[PDB]
Amino acid sequence: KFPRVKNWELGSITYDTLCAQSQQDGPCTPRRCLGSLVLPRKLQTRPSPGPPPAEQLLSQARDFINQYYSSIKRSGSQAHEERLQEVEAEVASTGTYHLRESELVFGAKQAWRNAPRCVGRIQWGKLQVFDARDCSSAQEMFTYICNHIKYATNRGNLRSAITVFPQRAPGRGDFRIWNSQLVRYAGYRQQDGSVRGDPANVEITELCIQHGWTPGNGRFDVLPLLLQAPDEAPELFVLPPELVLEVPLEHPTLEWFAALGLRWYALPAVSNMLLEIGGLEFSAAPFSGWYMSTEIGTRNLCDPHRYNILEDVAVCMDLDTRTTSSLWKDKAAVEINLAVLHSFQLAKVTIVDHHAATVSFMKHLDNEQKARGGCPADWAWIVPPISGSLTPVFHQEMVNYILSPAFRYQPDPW
Amino acid sequence: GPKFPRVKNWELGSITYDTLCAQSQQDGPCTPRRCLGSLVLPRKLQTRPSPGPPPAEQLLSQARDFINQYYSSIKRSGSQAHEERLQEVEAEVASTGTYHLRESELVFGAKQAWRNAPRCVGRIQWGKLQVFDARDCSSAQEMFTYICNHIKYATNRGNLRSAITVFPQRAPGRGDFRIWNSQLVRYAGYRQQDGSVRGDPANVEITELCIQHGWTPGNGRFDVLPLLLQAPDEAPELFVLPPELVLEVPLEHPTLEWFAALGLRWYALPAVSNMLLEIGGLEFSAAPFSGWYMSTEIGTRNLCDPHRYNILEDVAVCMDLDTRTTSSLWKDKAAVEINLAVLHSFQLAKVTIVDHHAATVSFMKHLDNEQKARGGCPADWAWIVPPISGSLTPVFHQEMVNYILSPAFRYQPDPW
Ligand code: HEM
Ligand code: HEM
Ligand SMILES: O=[N+]([O-])c1cccc2c(Br)n[nH]c12
Ligand SMILES: O=[N+]([O-])c1cccc2c(Br)n[nH]c12
Ligand SMILES: O=[N+]([O-])c1cccc2c(Br)n[nH]c12
Ligand SMILES: O=[N+]([O-])c1cccc2c(Br)n[nH]c12
Ligand SMILES: [Zn+2]
C-alpha cells in the first residue's frame, strides 16, 4: 500500500505513509490513471439538498477536532474531550456545527498545506486568516474583500491571506464570489469571434455587463466583483483603483518591450474555490499569495487561449517564425519571463522565479517527510510550464492524494 | 453521460471520451486513494522472470485475446480461419506449454506494441515500422550480425527508418536471449578516482560490466560502448560495433561560433535494447527497436540533466550569463541554445531529427486519428509533454488517460 518514492537526480528513496490517512477518493483506478484531468465530477462539492448524513459529518468533524488538539499538543486533555462532546451535541440536534476561530485558523492553514497542486507550500504556516463569518450582505462582503486586498498587497510587499465568509447551510443559498480571482482583466468578444483582453474571462465579463457594469474597451480593464448573498441576485462592486496594484512590463535590455503595453496585477487571489474543514464547507473563502513568474509570463501571457503574445514578441525580436525548428517560441518565452521578473523587481513587488520556488518546494517536501511521513503533490502542476527538467522537482517522483482540510472546486453559481 | 473518462482539451475547449481503456486487462499503479502516475518504474508491466512457462490458462487467455485482435485487424473475426487458428494455438499449448506466432502475427504484434506505448510521443509513425524477424537466431555471434544489419538499415546514412529486430521468444527449460546494454549505442561512463564521472554517468554500471567481461576501456567523454550479447544459457559475449556503422553528429551552433569548440556530439540512432516485447503472452526478451530523436531528448535530458552530462553551467558561463542567481534565467537561456545547436547540427549533417514543437503537433494528430480508430489513446502526460517549454506545445493543454494495453513493451529485470 505504501509507495516507494524515488528522486532520480539524487538517487534517494522515501516512503509516503501519509497517504494512508486519505479518506477521499481521487479519479484514478488500477485500470486507468486520470491524473492529468484538471477538474473532477466526483471530487467537486455538491450543493446541499438537505444536510449531509450526520454520521458522515460527525466522522469528519471528530477527525478534524482530533487534528486540531494534536496540533496544540493537548490531545486527551479535558478541553479535547469537552470539544468533541460539544460538536457531537451540536450535530445531533441541528445537523451541523460551528468552528471556533482558532480551529478555523488551523483548518485554513492545513487546507493550504494539503493542496497537492501548490508549489508555494513552504509558506503554509504564514497565512493571515480573516474571519468574515459575521457577514450578512453582499455589501459587507465587499468591505471585507477590500480590506483583504489592502492587507495582502501591502504596497508591494505581499502577505498571504485568506478571508472566510459564512459556511454553507442546508436549505439555503450559498455566499459566493462569482469572479474566479479578485483581480482579473475583462475579456470582450470583439465583433468577429476574436477577443480583446483576457479570453478566459469572456463569460464573467458578459455577466458583469448584464448586471449593469459599463464596460471599458481595453486589453487590461480590471473587472468589477459580482458578490452574492444567499438566495439573492449577485451585486456589482467596482474595486477602488488605488487598491489594485499593477506592474507595467519592461525588459532589462530590449528597449521595445515596454512599447508592447503589457502589464499584470500584483495580487493572485483565487476566489471561486470551496474551503472544506471538518465536513463544513466555506463556499466563499478567497485566498491570495504572490506570483510565481511563470504563471504570468508563460501561462497568462503566452497560452494560446489567453493573451497569446508569443508571435508578437518573436517578431519584435526578429526571429524566424516560419519554422518550428528555429525555437522562436522558446526564445520569446524566456525573454517574456525575464521581463516579468525584471519588472516586478523594479516596481518592488513580491515575485518568485520558478527555479527559486521549486528549490524551496524540495525543502518543503523534506520538512513534510519528517513531520508527517509524506506530502501530497501533483507532479503535473508542481513542475513549471517552461524549463521543466531544468528544475529539481521534475526528477522527483510524487504521490497525489486528497487530505482534509482541503480546497476544492465547486460549480459556478450561474 | 457516457460511462467512460471524459477528456478535455483546454486550448480548444473540445471534449472526447476514452472507451479504449475499457479493453485494458492489466492494472496500473494508481488507486482511487492515491495516484502513482509520476513514478517512473511501476512494478506492473515489469516482469520477474518466471522460471518456467506461464500457467496454461493464463497464457491461453492472453493468446486467445491476441489472436482475436489479429483477426479483427484483418477483418476476419468469427471466420473459419480464425476458429482454426484458435484451435491450433490451443493444441500447441496443450502439447508443448507454449506456442508460436505466424510471421504476419508478429508484425501486427510489434506494431501494436508501439501503438500501445503510452510514453511515446512519436506514435504517429507506428504503422511504418520495419519488423525484422530474427527468430531463427541461435548464437551471440548471430545476434551481433542481426544487430549490425538493423543499425545499417535503420541509420540509412542519416535518413533514418524505424525498425525492430525480434530474437527468439523466452522458452520452457531454456535461458533467455538478452541484450545487456540499454541502447545499442551508448557512451561510456568512467568513474574517476576523485569520484567524478567522465562520460555518461547513467552508464557507469554497464561500462564496468563491459570491462569485467574483457573490454579495454578508453577514457574520453563520448566513447561508444561495446555490446554484451547473451544467447540462452551462455555467458554474455562482447562485440565492438565497427565505427563506420555508428553515425554521430558533432554539435555546433548557428550563430554562436564557440559552441563547436566544446567538442560535444551525439549519436544519430536511438535504439532501445533492454525492454521486453510481449505479444499474446509470449515474451521476446531481446527485441531491440529504433526510431529517430526528438531534439529535447538529446539537448535537454541527455546533455543537461544534473545526473547526466550536466552541461548547463558550462554553456551558461560561455554565454557570459549570471549563474550566481536564479532570476537571471541562465538555465533557461542556455538550455534553449543547446537545443537549437542539436537541431541545427543534425539538420546540417542531414540526419533525421524532430523538434519538440513538430513532434507534439503530430502527436495531437495521432490522438485524433486514434480517437476515431480505437476510441482513445493511452498516453502518459508527464512523458508526452517535453522537458522544456511544456506549455508552449499543444499536448500540455490536452488531458490524457493512461492505461496498459497488450501487445506491449515492458521493463524487465537486468540480466546480471
Ligand atoms: C505564497 C505564494 C504562493 C505561490 C508562489 C503559489 C504558487 C502556486 C502555483 C504556481 C500554483 C499551480 C497553478 C494553479 O493551480 O493555479 C498554485 C496552485 C494552488 N495554490 Fe498556491 N501559491 C502561493 C500561495 C497560495 C496560498 C496562500 C494558498 C492558499 C491558502 C494557495 C493555494 C493553492 C491552491 C488550492 C492551488 C490549486 C488551484 C487550482 O486547483 O486551480 N496558494 N499555487
Ligand atoms: C519515430 C520516432 C520516435 C520518436 C521521435 C520517439 C520519441 C519518444 C520519446 C520522446 C519518448 C519518451 C522518453 C522515454 O520514455 O524514454 C519515447 C518513449 C518510448 N518510445 Fe518512442 N519514439 C520514436 C519511435 C519509437 C519506436 C520505433 C518504438 C518502438 C517500436 C518506440 C517505443 C517507445 C517506448 C516503448 C517508449 C517508452 C520507453 C520507456 O518507458 O523507457 N518509439 N519515444
Ligand atoms: O503564483 N501562482 O502561480 C499562483 C497560482 C495559483 C494560486 C496562487 C496564489 Br493564491 N498565489 N500564487 C498563486
Ligand atoms: O523522474 N521523475 O520523477 C519523473 C517523473 C515523471 C516524468 C519523468 C521523466 Br520523462 N523523467 N523523470 C521523470
Ligand atoms: O526520440 N526519443 O526521444 C526517443 C526516446 C526513447 C526511445 C526512442 C526511440 Br526507439 N526513438 N526515439 C526515441
Ligand atoms: O490542460 N491540461 O490538460 C493540463 C493537464 C495537467 C496540468 C495542466 C496545467 Br498546470 N494546465 N493545464 C494542464
Ligand atoms: Zn493516477
# chains A, B, ... in the order shown; residues from 1 in each chain; ligands from 1

call {"tool": "closest_atom_pairs", "arguments": {"of": "chain A", "to": "chain B", "cutoff": "8 Å", "atoms": "only C-alpha atoms", "output": "JSON lines"}}
result
{"residue": "A:3", "atom": "CA", "partner": "B:36", "partner_atom": "CA", "distance": 7.8}
{"residue": "A:5", "atom": "CA", "partner": "B:39", "partner_atom": "CA", "distance": 7.4}
{"residue": "A:6", "atom": "CA", "partner": "B:39", "partner_atom": "CA", "distance": 7.8}
{"residue": "A:9", "atom": "CA", "partner": "B:307", "partner_atom": "CA", "distance": 5.5}
{"residue": "A:10", "atom": "CA", "partner": "B:307", "partner_atom": "CA", "distance": 7.7}
{"residue": "A:19", "atom": "CA", "partner": "B:34", "partner_atom": "CA", "distance": 7.0}
{"residue": "A:22", "atom": "CA", "partner": "B:33", "partner_atom": "CA", "distance": 6.6}
{"residue": "A:23", "atom": "CA", "partner": "B:33", "partner_atom": "CA", "distance": 7.5}
{"residue": "A:24", "atom": "CA", "partner": "B:33", "partner_atom": "CA", "distance": 6.7}
{"residue": "A:25", "atom": "CA", "partner": "B:32", "partner_atom": "CA", "distance": 4.7}
{"residue": "A:26", "atom": "CA", "partner": "B:32", "partner_atom": "CA", "distance": 5.0}
{"residue": "A:27", "atom": "CA", "partner": "B:32", "partner_atom": "CA", "distance": 5.8}
{"residue": "A:28", "atom": "CA", "partner": "B:32", "partner_atom": "CA", "distance": 5.0}
{"residue": "A:29", "atom": "CA", "partner": "B:31", "partner_atom": "CA", "distance": 4.5}
{"residue": "A:30", "atom": "CA", "partner": "B:28", "partner_atom": "CA", "distance": 4.8}
{"residue": "A:31", "atom": "CA", "partner": "B:27", "partner_atom": "CA", "distance": 4.7}
{"residue": "A:32", "atom": "CA", "partner": "B:403", "partner_atom": "CA", "distance": 4.7}
{"residue": "A:33", "atom": "CA", "partner": "B:402", "partner_atom": "CA", "distance": 5.1}
{"residue": "A:34", "atom": "CA", "partner": "B:401", "partner_atom": "CA", "distance": 5.4}
{"residue": "A:35", "atom": "CA", "partner": "B:37", "partner_atom": "CA", "distance": 6.6}
{"residue": "A:36", "atom": "CA", "partner": "B:399", "partner_atom": "CA", "distance": 5.5}
{"residue": "A:37", "atom": "CA", "partner": "B:399", "partner_atom": "CA", "distance": 5.4}
{"residue": "A:38", "atom": "CA", "partner": "B:399", "partner_atom": "CA", "distance": 7.5}
{"residue": "A:298", "atom": "CA", "partner": "B:391", "partner_atom": "CA", "distance": 7.6}
{"residue": "A:299", "atom": "CA", "partner": "B:391", "partner_atom": "CA", "distance": 7.3}
{"residue": "A:302", "atom": "CA", "partner": "B:392", "partner_atom": "CA", "distance": 7.5}
{"residue": "A:303", "atom": "CA", "partner": "B:392", "partner_atom": "CA", "distance": 7.0}
{"residue": "A:304", "atom": "CA", "partner": "B:11", "partner_atom": "CA", "distance": 6.5}
{"residue": "A:305", "atom": "CA", "partner": "B:11", "partner_atom": "CA", "distance": 5.4}
{"residue": "A:324", "atom": "CA", "partner": "B:357", "partner_atom": "CA", "distance": 6.1}
{"residue": "A:325", "atom": "CA", "partner": "B:355", "partner_atom": "CA", "distance": 5.9}
{"residue": "A:326", "atom": "CA", "partner": "B:340", "partner_atom": "CA", "distance": 6.9}
{"residue": "A:327", "atom": "CA", "partner": "B:340", "partner_atom": "CA", "distance": 6.7}
{"residue": "A:329", "atom": "CA", "partner": "B:392", "partner_atom": "CA", "distance": 7.1}
{"residue": "A:330", "atom": "CA", "partner": "B:389", "partner_atom": "CA", "distance": 6.2}
{"residue": "A:331", "atom": "CA", "partner": "B:336", "partner_atom": "CA", "distance": 6.8}
{"residue": "A:334", "atom": "CA", "partner": "B:332", "partner_atom": "CA", "distance": 6.8}
{"residue": "A:338", "atom": "CA", "partner": "B:329", "partner_atom": "CA", "distance": 7.0}
{"residue": "A:341", "atom": "CA", "partner": "B:327", "partner_atom": "CA", "distance": 6.9}
{"residue": "A:353", "atom": "CA", "partner": "B:327", "partner_atom": "CA", "distance": 5.9}
{"residue": "A:355", "atom": "CA", "partner": "B:326", "partner_atom": "CA", "distance": 5.9}
{"residue": "A:356", "atom": "CA", "partner": "B:326", "partner_atom": "CA", "distance": 6.3}
{"residue": "A:379", "atom": "CA", "partner": "B:38", "partner_atom": "CA", "distance": 6.5}
{"residue": "A:380", "atom": "CA", "partner": "B:382", "partner_atom": "CA", "distance": 6.7}
{"residue": "A:385", "atom": "CA", "partner": "B:391", "partner_atom": "CA", "distance": 5.1}
{"residue": "A:386", "atom": "CA", "partner": "B:389", "partner_atom": "CA", "distance": 4.2}
{"residue": "A:387", "atom": "CA", "partner": "B:388", "partner_atom": "CA", "distance": 4.4}
{"residue": "A:388", "atom": "CA", "partner": "B:387", "partner_atom": "CA", "distance": 5.1}
{"residue": "A:389", "atom": "CA", "partner": "B:387", "partner_atom": "CA", "distance": 5.1}
{"residue": "A:390", "atom": "CA", "partner": "B:331", "partner_atom": "CA", "distance": 6.9}
{"residue": "A:397", "atom": "CA", "partner": "B:39", "partner_atom": "CA", "distance": 5.4}
{"residue": "A:398", "atom": "CA", "partner": "B:38", "partner_atom": "CA", "distance": 6.1}
{"residue": "A:399", "atom": "CA", "partner": "B:36", "partner_atom": "CA", "distance": 5.5}
{"residue": "A:400", "atom": "CA", "partner": "B:35", "partner_atom": "CA", "distance": 5.0}
{"residue": "A:401", "atom": "CA", "partner": "B:34", "partner_atom": "CA", "distance": 4.7}
{"residue": "A:402", "atom": "CA", "partner": "B:34", "partner_atom": "CA", "distance": 7.9}

call {"tool": "residues_near_ligand", "arguments": {"ligand": "ligand 3", "cutoff": "8 Å", "atoms": "only C-alpha atoms and all ligand atoms", "output": "list in words"}}
result
residues 118, 120, 160, 267, 268, 269, 270, 287, 288, 289, 290, 291, 292, 293, 294, 295 and 296 of chain A

call {"tool": "closest_residue", "arguments": {"among": "B:262, B:160, B:405, B:384", "to": "ligand 4", "atoms": "only C-alpha atoms and all ligand atoms"}}
result
B:384

call {"tool": "residues_around", "arguments": {"residues": "residue A:162", "least_positions_apart": "6", "cutoff": "9 Å", "atoms": "only C-alpha atoms", "output": "PyMOL selection string"}}
result
chain A and resi 108+127-131+148+269+285-288

call {"tool": "residues_near_ligand", "arguments": {"ligand": "ligand 2", "cutoff": "6 Å", "atoms": "only C-alpha atoms and all ligand atoms", "output": "list in words"}}
result
residues 114, 117, 119, 120, 121, 122, 125, 162, 163, 289, 290, 291, 292, 293, 294, 383 and 409 of chain B

call {"tool": "write_last_selection", "arguments": {"atoms": "N, CA and C atoms", "output": "PDB file, in the first residue's frame"}}
result
ATOM      1  N   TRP B 114       4.098  -0.778 -30.171  1.00  0.00           N
ATOM      2  CA  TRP B 114       4.488   0.617 -30.301  1.00  0.00           C
ATOM      3  C   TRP B 114       3.244   1.506 -30.214  1.00  0.00           C
ATOM      4  N   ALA B 117       2.303   2.108 -26.703  1.00  0.00           N
ATOM      5  CA  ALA B 117       3.229   2.637 -25.684  1.00  0.00           C
ATOM      6  C   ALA B 117       2.862   4.028 -25.187  1.00  0.00           C
ATOM      7  N   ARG B 119       4.054   6.247 -23.211  1.00  0.00           N
ATOM      8  CA  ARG B 119       5.025   7.322 -23.061  1.00  0.00           C
ATOM      9  C   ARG B 119       5.621   7.801 -24.367  1.00  0.00           C
ATOM     10  N   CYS B 120       5.250   7.181 -25.492  1.00  0.00           N
ATOM     11  CA  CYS B 120       5.892   7.573 -26.754  1.00  0.00           C
ATOM     12  C   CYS B 120       5.187   8.664 -27.512  1.00  0.00           C
ATOM     13  N   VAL B 121       5.878   9.788 -27.708  1.00  0.00           N
ATOM     14  CA  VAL B 121       5.313  10.889 -28.478  1.00  0.00           C
ATOM     15  C   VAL B 121       5.384  10.693 -29.987  1.00  0.00           C
ATOM     16  N   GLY B 122       6.110   9.663 -30.444  1.00  0.00           N
ATOM     17  CA  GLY B 122       6.359   9.559 -31.881  1.00  0.00           C
ATOM     18  C   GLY B 122       5.393   8.598 -32.552  1.00  0.00           C
ATOM     19  N   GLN B 125       3.985   7.635 -36.283  1.00  0.00           N
ATOM     20  CA  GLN B 125       4.711   6.762 -37.199  1.00  0.00           C
ATOM     21  C   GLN B 125       4.413   5.285 -37.043  1.00  0.00           C
ATOM     22  N   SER B 162      12.426   3.655 -38.934  1.00  0.00           N
ATOM     23  CA  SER B 162      12.046   2.921 -37.744  1.00  0.00           C
ATOM     24  C   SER B 162      12.161   1.419 -37.936  1.00  0.00           C
ATOM     25  N   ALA B 163      12.689   0.725 -36.932  1.00  0.00           N
ATOM     26  CA  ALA B 163      12.794  -0.719 -37.092  1.00  0.00           C
ATOM     27  C   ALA B 163      12.835  -1.437 -35.764  1.00  0.00           C
ATOM     28  N   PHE B 289      14.562  -2.037 -30.714  1.00  0.00           N
ATOM     29  CA  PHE B 289      13.811  -1.196 -31.626  1.00  0.00           C
ATOM     30  C   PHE B 289      14.414   0.195 -31.669  1.00  0.00           C
ATOM     31  N   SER B 290      14.230   0.855 -32.798  1.00  0.00           N
ATOM     32  CA  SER B 290      14.831   2.161 -33.031  1.00  0.00           C
ATOM     33  C   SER B 290      13.947   3.053 -33.886  1.00  0.00           C
ATOM     34  N   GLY B 291      14.051   4.365 -33.633  1.00  0.00           N
ATOM     35  CA  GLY B 291      13.320   5.369 -34.394  1.00  0.00           C
ATOM     36  C   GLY B 291      14.278   6.448 -34.857  1.00  0.00           C
ATOM     37  N   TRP B 292      13.996   7.685 -34.474  1.00  0.00           N
ATOM     38  CA  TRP B 292      14.876   8.829 -34.603  1.00  0.00           C
ATOM     39  C   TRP B 292      14.647   9.765 -33.400  1.00  0.00           C
ATOM     40  N   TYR B 293      15.593  10.657 -33.154  1.00  0.00           N
ATOM     41  CA  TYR B 293      15.451  11.511 -31.974  1.00  0.00           C
ATOM     42  C   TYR B 293      14.512  12.681 -32.130  1.00  0.00           C
ATOM     43  N   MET B 294      13.823  12.954 -31.012  1.00  0.00           N
ATOM     44  CA  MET B 294      13.297  14.276 -30.704  1.00  0.00           C
ATOM     45  C   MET B 294      14.393  15.077 -29.977  1.00  0.00           C
ATOM     46  N   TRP B 383       5.254  12.222 -19.686  1.00  0.00           N
ATOM     47  CA  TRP B 383       6.320  11.784 -20.601  1.00  0.00           C
ATOM     48  C   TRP B 383       6.120  12.356 -21.988  1.00  0.00           C
ATOM     49  N   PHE B 409       5.434  -3.143 -24.873  1.00  0.00           N
ATOM     50  CA  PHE B 409       6.828  -3.107 -24.432  1.00  0.00           C
ATOM     51  C   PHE B 409       6.845  -2.917 -22.917  1.00  0.00           C
TER      52      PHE B 409
END
